[PDB]
Each structure stands twice: as structure tokens, then as C-alpha cells.
């Protein structure tokens, strides 16, 4: 499978794309972000593997950046697979307390730092972490970049098919989608884990898909 790809979105915002075969889903394409604050870099989700996480870190280190911190949007491996490697390099990893306990219960390595707040400033006025409510998972988070007006929706944004429902809360997802739409209507760009980037309407598409999946789940 190809190496991690890095693509600039605009000044200070990069998309990282990694590929992994996962048991019954075939090769998964996963998008995360790298956000620059001056000469500091922040990883928004880890790629699937230690190897891709190392390639990503080394790419920004070679371009003169310090990796100040990572945030995992939820406990699944497409958001957290790099945490063990980052910890071994003493790069600060962050997850919600709920995410870290879901990781523990799954026998996975935890982020070194956790937080319980619904709205958490990873970097004050630069990187906000928000819990809209359950959807894709009980713990899923989004990341908001107030300066660029970019929203990273992770595996919660699902405009054309909900994907893995194993850990999903179909009852809550529509309500959580409305909360997200209410908070981030002013997003100029929505980046998701597995879909094409788009405008704020991807939040409304997610609301519609969640309702459609909830109606389906009731034979």
C-alpha cells in the first residue's frame, strides 16, 4: 500500500491521508490534518500505523517544525493508531477521558493527556475540540480552526453512507448532527475522515444520512 500523503489546504493547514486494509472494509482511506501555529505543528488524528505517523512527523521536522501535540477524534485505530509511537518519542498525545477509557477497555495504549470538557482549547483561539454528542461512536469529537474556519469532522461526518455501525449510536446521531450544524454553520470547509472535503452542507447531509440509517435499523 502507498506511503502517507501530505497535501497543503492553505497557509498552515495540511491534510494527511493514510491507507490501511481493515478486516471486512478493504483498504480504508483516512484523512487527518496538521495545523501550524507559528513554528509549532499539531496532528489532528494519527494515521493508522507507527510507520505512517513517523513519516508524517519526520516530514514536518525536516521542514523546520516542532511537533507540539496530537488530538485523537475518537478511540478507533484510524484516529489513534500512532499514539504508542508518539508517546515513545515524548510527543504529547491528547484524547477525551471517555476516549482514553474506551482505549483502555479495548486493550490499546492511551493518550498521555486527557480532558472532560465539551469545548476544549487544545491551543487557545487556534484549535478547539468539541463533543457534538454520540454518532459514529459514543466519544467522537470534531476539531475547529477559528482562523481558517475549517472543521475537521472525523468519522462523525458521513454524507454518503455511515460506514462502520458496530460502535454507532443511531438514536443520538441525528441530534448530535443538529448540535454540530448549530455550532459550526460558519465553517467554510468540512474535512471528514473518509469523504471528499466540502462546504458546511456536509453537516446537513450527515444529519440526513443519520436519520436514514436510524429508520433502516428498525426492520
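Residue numbers count along the first chain shown, from 1. Note that the rigid core is defined as the largest set of C-alphas that superpose within 1.5 Å between two forms.
Exercise for review: Rigid core fitted first, then name the stretch among 59 to 67 and 22 to 30 whose C-alphas deviate most from the displayed form in 5 other deposited structures of this protein.
Suggested key: Checking 59 to 67 against 22 to 30 in 5 other deposited structures of this protein, I find the farther stretch is 22 to 30.
Exercise for review: Give the stretch, out of 18 to 26 and 202 to 210, with the larger mean C-alpha temperature factor in the deposited entry.
Suggested key: The recorded data point to 18 to 26.
Check your understanding: With respect to the C-alpha temperature factors reported in the PDB entry, which of 96, 90, 79, 137 ranks highest?
Key -> Among 96, 90, 79, 137, the highest C-alpha B-factor in the entry belongs to 90.
Practice item. Using the B-factor values recorded in the entry, state whether the Cα atom of residue 74 falls in the lowest, middle or highest third among the modelled residues of its chain. Key: As the PDB entry reports it, the C-alpha B-factor of residue 74 lands in the lowest third of its chain.
Review point. If you rank every modelled residue in this chain by C-alpha B factor, which third holds residue 187: lowest, middle or highest?
Key: It falls in the middle third of the chain.
Point to revise | residue 130, C-alpha B-factor rank within chain (lowest, middle or highest third) | key: According to the entry, residue 130 has a C-alpha B-factor in the chain's lowest third.
Check your understanding: Taking the C-alpha B-factors as the PDB entry records them, is residue 32 in the lowest, middle or highest third of its chain?
Key -> Lowest third of the chain for residue 32's C-alpha B-factor.
**Study point:** residue 150 - which third its CA temperature factor falls in, relative to the rest of the chain
**Key:** Ranked within chain, residue 150 CA B lands in the lowest tercile.
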